[PDB]
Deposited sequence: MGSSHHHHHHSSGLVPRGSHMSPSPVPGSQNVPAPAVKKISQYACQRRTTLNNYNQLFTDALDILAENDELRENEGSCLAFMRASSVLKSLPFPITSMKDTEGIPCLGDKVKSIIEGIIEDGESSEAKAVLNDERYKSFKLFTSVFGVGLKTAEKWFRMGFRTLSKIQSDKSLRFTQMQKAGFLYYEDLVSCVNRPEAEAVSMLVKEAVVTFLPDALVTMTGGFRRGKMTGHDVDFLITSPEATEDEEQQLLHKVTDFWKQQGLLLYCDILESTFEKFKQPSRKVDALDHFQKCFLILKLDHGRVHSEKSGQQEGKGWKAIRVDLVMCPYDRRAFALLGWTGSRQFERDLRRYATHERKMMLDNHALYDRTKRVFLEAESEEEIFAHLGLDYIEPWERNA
């Protein structure tokens, strides 16, 4: 019997139900925009469970025994089986508010509030926003518009690997024992991504050395002329605090949101200049204390739905509190240690789910 929890399902990139899940993902995104958290969650859970199926749904009978498929969701599935299209998802794709929100938030530095503001001002295109003489843009938005075409184009695996080399080369210059791991979608087996994320940790670095590494690495790139954008968020990590109770847990580790200049010569692909000879790439770096590296790796590998269900399962089924920094057992009244993701899964009483099986 298929579990209601993504952390008890294996979800690989061979999705046999993309016709259904692309429609459910659009409906979930619209409910997020319309601030309908409940309807958003119901569509996300339904989309997630269909992504785990090893076969395509071809009739309503095929949905028998599948959890997280309410009456509203089953009406949407029925409509797609009928003529290969979702009239509901088609109406969202043609909605002016939905189109504007997708288009405006595609800019780095533009979120829900700024997209809503521009829509209510009567803006509908990025050309009209950029050329407006009354609008004032944040430094993040200026970078978002300047490098827009590069940031909107997919980062592929040769580019992600080229970025990994740059990150490792810079990091070991200041901390030679540091462990650098690519996380996010690429760790889950994805061919593309909007950004490249890394977890950095050092077994021998001091509290101060750990704090200074992201500043040293970004100053080095600034000197080389590779730092196009940089925002460093200082750590608010607390060694002895209980893990988050929130549905969507916050990460308190030191991190930085960057835009790096990736020279074409560094990329070893099949297509190896054409234009400027470089590509702007969104990169995130996270630095964590050595003893929390398994919790941080688990949180940053994702997917977002896999993380939500992991934390929900820990709370509701095991009376445990899990977040990117720790695992606390409320019955035993102890923090649980882990040197690997496998040990976290074993503490939770879960069969180990490989990173490429976490595409929930």
Regions left out of the model, expressed as runs of the deposited sequence counted from 1:
1-38, 311-312
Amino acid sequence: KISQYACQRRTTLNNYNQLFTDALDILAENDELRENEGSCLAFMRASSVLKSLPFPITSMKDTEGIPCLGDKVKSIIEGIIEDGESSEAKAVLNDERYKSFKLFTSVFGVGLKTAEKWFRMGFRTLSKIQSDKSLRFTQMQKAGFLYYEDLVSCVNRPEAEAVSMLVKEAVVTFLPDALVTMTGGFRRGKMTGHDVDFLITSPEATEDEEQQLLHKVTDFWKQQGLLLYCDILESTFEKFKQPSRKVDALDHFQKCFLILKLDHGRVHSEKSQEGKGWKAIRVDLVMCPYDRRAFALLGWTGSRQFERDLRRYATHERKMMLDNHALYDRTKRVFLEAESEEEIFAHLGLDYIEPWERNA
From here on, numbers count along this sequence of modelled residues.
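Rigid core: the largest C-alpha set superposing within 1.5 Å between the two forms.
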Core-aligned, which moves more in 6 other deposited structures of this protein: 34-42 or 326-334, by CA RMS?
34-42
Name the stretch, 24-32 or 44-52, whose C-alpha atoms sit farther from the shown form on average in 6 other deposited structures of this protein, taking the rigid core as the superposition reference.
24-32
Any chance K271 is unbuilt in a third or more of the other entries we compared?
yes
So, looking at the entry's B-factor column for Cα atoms, which has the higher mean, 33-41 or 66-74?
33-41
Is the mean CA B factor in the deposited entry higher across 13-21 or across 332-340?
332-340
Residue selected from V286, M182, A91, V163 by maximal Cα B factor:
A91
Would you mind checking which of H252, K190, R120, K99 has the top Cα temperature factor in the PDB entry?
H252
Using only modelled residues of the chain, where does the Cα B factor of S244 rank: lowest third, middle third or highest third?
highest
Among the chain's modelled residues, which third holds the C-alpha B-factor of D219?
highest
Quick check on the deposited entry: does the C-alpha B-factor of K319 sit in the lowest, middle or highest third of its chain?
middle
Within-chain third of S127 by Cα B-factor, per the entry:
lowest
Could you say whether, by C-alpha temperature factor, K279 belongs to the lowest, middle or highest third of its chain?
middle
